[PDB]
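Here's the structure, in structure tokens; my notes come after.
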Amino acid sequence: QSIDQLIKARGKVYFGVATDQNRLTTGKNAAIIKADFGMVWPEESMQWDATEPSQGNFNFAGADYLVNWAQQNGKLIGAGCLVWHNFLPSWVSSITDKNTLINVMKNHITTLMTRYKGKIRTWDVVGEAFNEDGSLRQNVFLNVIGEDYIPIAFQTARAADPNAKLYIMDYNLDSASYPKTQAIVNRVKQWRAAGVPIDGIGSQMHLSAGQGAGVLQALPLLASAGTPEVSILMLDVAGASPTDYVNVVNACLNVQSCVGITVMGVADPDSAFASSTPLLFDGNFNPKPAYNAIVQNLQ
């Protein structure tokens with residue numbers, strides 16, 4: 001049974017998965033995504049190095065493949081990350097001055113979002129903006145633009161595609177008692193009061209065994225920032241315990257504003273963390289106990 005169909009039958013928007021052209025042309029990925037998932041996200045093909053390897057020179061080969069595949073196959077699309085330190089070319093982090101970096105950042109946001117305007121559900125506009133203590137991460141954007149980079153990024157994104165949900169995302173937001181979780185909430189509330197159009201907080205849930213339980217209170221904390229939505233993305237769990245995965249699903253179900261859950265991949269051997277068998281399908285692309293437990297929890 002399809003966990004996407006089942007979660008939609010509980011009133012959520014999707015059960016999604018990260019993928020890309022390289023996965024869709026091989027193995028059983030495409031067949032499983034077609035059958036069991038309702039939203040796809042590009043793992044890497046929309047990241048900065050892939051789409052803008054030098055200033056103003058864009059390419060969309062991978063991104064177009066994924067967006068077109070989704071459309072061809074009736075799947076929702078989320079995309080990102082527009083502004084974060086990962087996949088960031090040195091040409092960008094070598095920028096030393098505020099206005100240059102603002103204009104580079106705006107042009108990157110605008111170009112990517114405009115290309116797919118109206119067809120993308122969610123854009124991860126800003127990612128991994130926080131340190132573990134809740135201060136803002138000293139990536140090149142914070143270092144050079146200052147804290148206004150987050151307001152600017154979101155306002156630019158809203159202009160580029162007003163139909164898209166605009167998210168901030170971070171990891172280690174998995175306990176309500178962790179300073180990072182508290183800080184993103186406080187800062188998002190503030191930013192929204194300042195008119196920054198942050199529609200969602202996305203919790204990048206790369207979890208170790210036993211961490212699912214903490215999400216039951218972390219997720220409503222994230223939802224208390226007042227964004228219209230929250231979501232779970234990049235979900236995987238070391239060991240793929242049914243208990244961890246069911247806890248995450250229940251947190252989603254318990255949080256009105258939580259629209260859905262995206263897993264970081266389909267089958268364990270293709271995970272960057274393959275040896276931790278942290279996904280819902282095994283190396284033979286068969287559903288794992290955790291997949292069945294999610295089915296049972298959503299029936």
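Labels for the structure tokens follow display order: chains A, B, ..., residues from 1 in each chain, ligands from 1.
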Exercise for review: For region 193-199 of chain A, list every protein, DNA or RNA residue within 12 Å, evaluated using only C-alpha atoms, and leave out those in the same chain fewer than 2 positions away; present the list as number ranges by chain.
Suggested key: A: 121-126, 148-159, 162-169, 184-191, 201-202, 223, 225-231, 257-259
Practice item. Give the strand (DSSP E) residues of region 56-217 of chain A, as assigned by DSSP on the backbone, as a count of residues only. Key: 29
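Proximity to residue 18 (chain A) at 6 Å, evaluated using only C-alpha atoms and with sequence-adjacent residues fewer than 4 positions away removed, yields residues 40, 41, 42, 43, 264 and 265 of chain A.
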With N, CA and C atoms kept, could you save the residues just selected as an mmCIF file, in the first residue's frame?
data_model
loop_
_atom_site.group_PDB
_atom_site.id
_atom_site.type_symbol
_atom_site.label_atom_id
_atom_site.label_comp_id
_atom_site.auth_asym_id
_atom_site.auth_seq_id
_atom_site.Cartn_x
_atom_site.Cartn_y
_atom_site.Cartn_z
ATOM 1 N N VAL A 40 8.272 14.758 -5.008
ATOM 2 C CA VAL A 40 9.705 14.532 -5.170
ATOM 3 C C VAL A 40 10.460 15.835 -4.961
ATOM 4 N N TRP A 41 11.709 15.720 -4.518
ATOM 5 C CA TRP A 41 12.572 16.854 -4.286
ATOM 6 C C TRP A 41 13.892 16.497 -4.944
ATOM 7 N N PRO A 42 14.575 17.450 -5.562
ATOM 8 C CA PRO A 42 15.919 17.169 -6.106
ATOM 9 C C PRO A 42 16.924 17.153 -4.970
ATOM 10 N N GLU A 43 17.639 16.036 -4.845
ATOM 11 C CA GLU A 43 18.662 15.945 -3.825
ATOM 12 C C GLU A 43 19.734 16.974 -4.066
ATOM 13 N N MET A 264 14.606 10.856 2.821
ATOM 14 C CA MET A 264 15.794 11.279 2.102
ATOM 15 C C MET A 264 16.112 10.428 0.881
ATOM 16 N N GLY A 265 15.560 9.222 0.774
ATOM 17 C CA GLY A 265 15.722 8.368 -0.397
ATOM 18 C C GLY A 265 14.750 7.206 -0.374
#
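Of the listed residues (A:220, A:146, A:38, A:287), A:146 comes nearest to residue 99 (chain A); the distances count only C-alpha atoms.
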Practice item. List the neighbours of residue 138 (chain A) out to 10 Å using only C-alpha atoms; skip same-chain residues closer than 5 positions along the sequence, and give me the result as an MDAnalysis selection string. Key: chainID A and resid 85 129:131 143:144 146:147
Exercise for review: Identify, on the basis of only C-alpha atoms, every residue whose closest approach to residue 211 (chain A) does not exceed 10 Å; exclude the query and any residue fewer than 3 positions from it along the same chain; express the result as a ChimeraX atom specification.
Suggested key: /A:174-175,205-208,214-216,237-238,243-245,247-248
Review point. Running DSSP on the backbone, which parts of region 124-165 of chain A land in helix (DSSP H, G or I), as a list in words?
Key: residues 140, 141, 142, 143, 144, 145, 149, 150, 151, 152, 153, 154, 155, 156, 157, 158, 159 and 160 of chain A
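What separates CA of residue 19 (chain A) from CA of residue 268 (chain A) is a distance of 13.0 Å.
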Review point. A:33, A:83, A:70, A:249: which is nearest residue 46 (chain A), counting only C-alpha atoms?
Key: A:83
Review point. Residue 285 (chain A): which residues within 10 Å, counting only C-alpha atoms, same-chain residues fewer than 2 positions away excluded, as a ChimeraX atom specification?
Key: /A:27-29,31-32,266-269,280-283,287-288
Based on the selection just made, write N, CA and C atoms of those residues as an mmCIF file, in the first residue's frame.
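See again-v3.cif below for the written result:
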data_model
loop_
_atom_site.group_PDB
_atom_site.id
_atom_site.type_symbol
_atom_site.label_atom_id
_atom_site.label_comp_id
_atom_site.auth_asym_id
_atom_site.auth_seq_id
_atom_site.Cartn_x
_atom_site.Cartn_y
_atom_site.Cartn_z
ATOM 1 N N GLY A 27 17.759 1.206 -11.305
ATOM 2 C CA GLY A 27 17.109 0.430 -10.280
ATOM 3 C C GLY A 27 15.608 0.523 -10.414
ATOM 4 N N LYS A 28 14.949 0.338 -9.279
ATOM 5 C CA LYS A 28 13.506 0.394 -9.212
ATOM 6 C C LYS A 28 13.014 1.697 -8.616
ATOM 7 N N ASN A 29 13.864 2.725 -8.562
ATOM 8 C CA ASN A 29 13.461 3.960 -7.901
ATOM 9 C C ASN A 29 12.190 4.516 -8.503
ATOM 10 N N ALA A 31 9.802 3.278 -10.256
ATOM 11 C CA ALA A 31 8.587 2.484 -10.044
ATOM 12 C C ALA A 31 8.049 2.648 -8.626
ATOM 13 N N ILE A 32 8.946 2.636 -7.655
ATOM 14 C CA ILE A 32 8.528 2.793 -6.268
ATOM 15 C C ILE A 32 8.001 4.200 -6.002
ATOM 16 N N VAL A 266 14.863 6.338 -1.386
ATOM 17 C CA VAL A 266 13.990 5.177 -1.487
ATOM 18 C C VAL A 266 14.602 3.981 -0.796
ATOM 19 N N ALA A 267 15.736 3.491 -1.311
ATOM 20 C CA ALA A 267 16.246 2.195 -0.892
ATOM 21 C C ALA A 267 17.586 2.381 -0.200
ATOM 22 N N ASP A 268 17.792 1.563 0.818
ATOM 23 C CA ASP A 268 18.953 1.691 1.687
ATOM 24 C C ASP A 268 20.269 1.758 0.948
ATOM 25 N N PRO A 269 20.568 0.911 -0.054
ATOM 26 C CA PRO A 269 21.925 0.946 -0.640
ATOM 27 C C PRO A 269 22.234 2.255 -1.292
ATOM 28 N N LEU A 280 13.144 3.244 3.987
ATOM 29 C CA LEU A 280 11.937 2.437 4.127
ATOM 30 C C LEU A 280 11.902 1.235 3.185
ATOM 31 N N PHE A 281 12.800 1.172 2.216
ATOM 32 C CA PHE A 281 12.941 0.044 1.308
ATOM 33 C C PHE A 281 14.342 -0.495 1.469
ATOM 34 N N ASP A 282 14.492 -1.802 1.345
ATOM 35 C CA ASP A 282 15.799 -2.411 1.457
ATOM 36 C C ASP A 282 16.474 -2.477 0.096
ATOM 37 N N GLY A 283 17.665 -3.087 0.086
ATOM 38 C CA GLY A 283 18.448 -3.167 -1.136
ATOM 39 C C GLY A 283 17.805 -3.955 -2.255
ATOM 40 N N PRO A 287 9.618 -3.354 0.658
ATOM 41 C CA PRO A 287 9.281 -2.512 1.806
ATOM 42 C C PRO A 287 9.785 -3.164 3.073
ATOM 43 N N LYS A 288 10.346 -2.352 3.915
ATOM 44 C CA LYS A 288 10.874 -2.795 5.191
ATOM 45 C C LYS A 288 9.808 -2.804 6.283
#
Review point. Residues at most 12 Å from residue 59 (chain A), counting only C-alpha atoms, excluding those fewer than 2 positions away in the same chain, as number ranges by chain?
Key: A: 45-57, 61-65, 108, 111-112, 115
Include N, CA and C atoms and write out the residues we just selected as an mmCIF file, in the first residue's frame.
data_model
loop_
_atom_site.group_PDB
_atom_site.id
_atom_site.type_symbol
_atom_site.label_atom_id
_atom_site.label_comp_id
_atom_site.auth_asym_id
_atom_site.auth_seq_id
_atom_site.Cartn_x
_atom_site.Cartn_y
_atom_site.Cartn_z
ATOM 1 N N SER A 45 20.269 18.477 -7.729
ATOM 2 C CA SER A 45 20.220 19.128 -9.035
ATOM 3 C C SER A 45 19.749 20.585 -8.989
ATOM 4 N N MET A 46 19.163 21.034 -7.883
ATOM 5 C CA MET A 46 18.790 22.433 -7.731
ATOM 6 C C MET A 46 19.726 23.213 -6.828
ATOM 7 N N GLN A 47 20.777 22.584 -6.308
ATOM 8 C CA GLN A 47 21.717 23.254 -5.440
ATOM 9 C C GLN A 47 22.561 24.254 -6.236
ATOM 10 N N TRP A 48 23.252 25.132 -5.520
ATOM 11 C CA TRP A 48 23.846 26.273 -6.206
ATOM 12 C C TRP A 48 24.930 25.834 -7.175
ATOM 13 N N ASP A 49 25.780 24.895 -6.763
ATOM 14 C CA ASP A 49 26.856 24.545 -7.665
ATOM 15 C C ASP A 49 26.333 23.963 -8.942
ATOM 16 N N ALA A 50 25.220 23.215 -8.889
ATOM 17 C CA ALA A 50 24.642 22.566 -10.068
ATOM 18 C C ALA A 50 23.970 23.548 -11.011
ATOM 19 N N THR A 51 23.380 24.606 -10.479
ATOM 20 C CA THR A 51 22.573 25.476 -11.291
ATOM 21 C C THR A 51 23.278 26.751 -11.666
ATOM 22 N N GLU A 52 24.293 27.175 -10.926
ATOM 23 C CA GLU A 52 24.970 28.440 -11.205
ATOM 24 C C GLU A 52 26.445 28.288 -10.870
ATOM 25 N N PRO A 53 27.166 27.542 -11.703
ATOM 26 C CA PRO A 53 28.586 27.242 -11.429
ATOM 27 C C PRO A 53 29.536 28.431 -11.593
ATOM 28 N N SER A 54 29.139 29.474 -12.310
ATOM 29 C CA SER A 54 29.811 30.771 -12.346
ATOM 30 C C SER A 54 28.719 31.831 -12.403
ATOM 31 N N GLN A 55 29.085 33.073 -12.026
ATOM 32 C CA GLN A 55 28.099 34.136 -11.880
ATOM 33 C C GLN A 55 27.274 34.348 -13.145
ATOM 34 N N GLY A 56 25.958 34.249 -13.005
ATOM 35 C CA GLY A 56 25.033 34.514 -14.083
ATOM 36 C C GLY A 56 24.958 33.461 -15.156
ATOM 37 N N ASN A 57 25.669 32.352 -15.012
ATOM 38 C CA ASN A 57 25.683 31.302 -16.011
ATOM 39 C C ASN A 57 24.940 30.152 -15.369
ATOM 40 N N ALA A 61 20.002 21.249 -16.338
ATOM 41 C CA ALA A 61 19.787 19.948 -16.951
ATOM 42 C C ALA A 61 19.140 18.967 -15.988
ATOM 43 N N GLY A 62 19.747 18.787 -14.810
ATOM 44 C CA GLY A 62 19.214 17.861 -13.831
ATOM 45 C C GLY A 62 17.901 18.333 -13.274
ATOM 46 N N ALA A 63 17.830 19.619 -12.951
ATOM 47 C CA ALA A 63 16.616 20.150 -12.343
ATOM 48 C C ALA A 63 15.431 19.991 -13.296
ATOM 49 N N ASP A 64 15.630 20.364 -14.555
ATOM 50 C CA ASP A 64 14.581 20.176 -15.541
ATOM 51 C C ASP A 64 14.177 18.710 -15.623
ATOM 52 N N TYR A 65 15.129 17.792 -15.618
ATOM 53 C CA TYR A 65 14.732 16.400 -15.673
ATOM 54 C C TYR A 65 13.775 16.047 -14.551
ATOM 55 N N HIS A 108 20.216 34.520 -8.065
ATOM 56 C CA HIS A 108 20.141 33.059 -7.978
ATOM 57 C C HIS A 108 18.725 32.595 -7.603
ATOM 58 N N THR A 111 16.192 33.572 -10.557
ATOM 59 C CA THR A 111 16.322 32.783 -11.779
ATOM 60 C C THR A 111 15.761 31.390 -11.596
ATOM 61 N N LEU A 112 16.134 30.734 -10.505
ATOM 62 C CA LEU A 112 15.669 29.378 -10.299
ATOM 63 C C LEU A 112 14.144 29.338 -10.125
ATOM 64 N N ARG A 115 12.056 30.073 -13.322
ATOM 65 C CA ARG A 115 12.042 29.043 -14.333
ATOM 66 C C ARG A 115 10.897 28.073 -14.141
#
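For the residues A:177, A:250, A:103, A:204, ranking by smallest atom-to-atom distance to residue 221 (chain A) using only C-alpha atoms places A:177 first.
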Check your understanding: How many Å separate CA of residue 68 (chain A) from CA of residue 16 (chain A)?
Key -> 16.3 Å
Practice item. Provide the CA of residue 172 (chain A) to CA of residue 82 (chain A) distance in Å, to one decimal place. Key: 19.8 Å
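The shortest atom-to-atom distance to residue 260 (chain A), with only C-alpha atoms taken into account, belongs to A:5 out of A:71, A:241, A:5, A:224.
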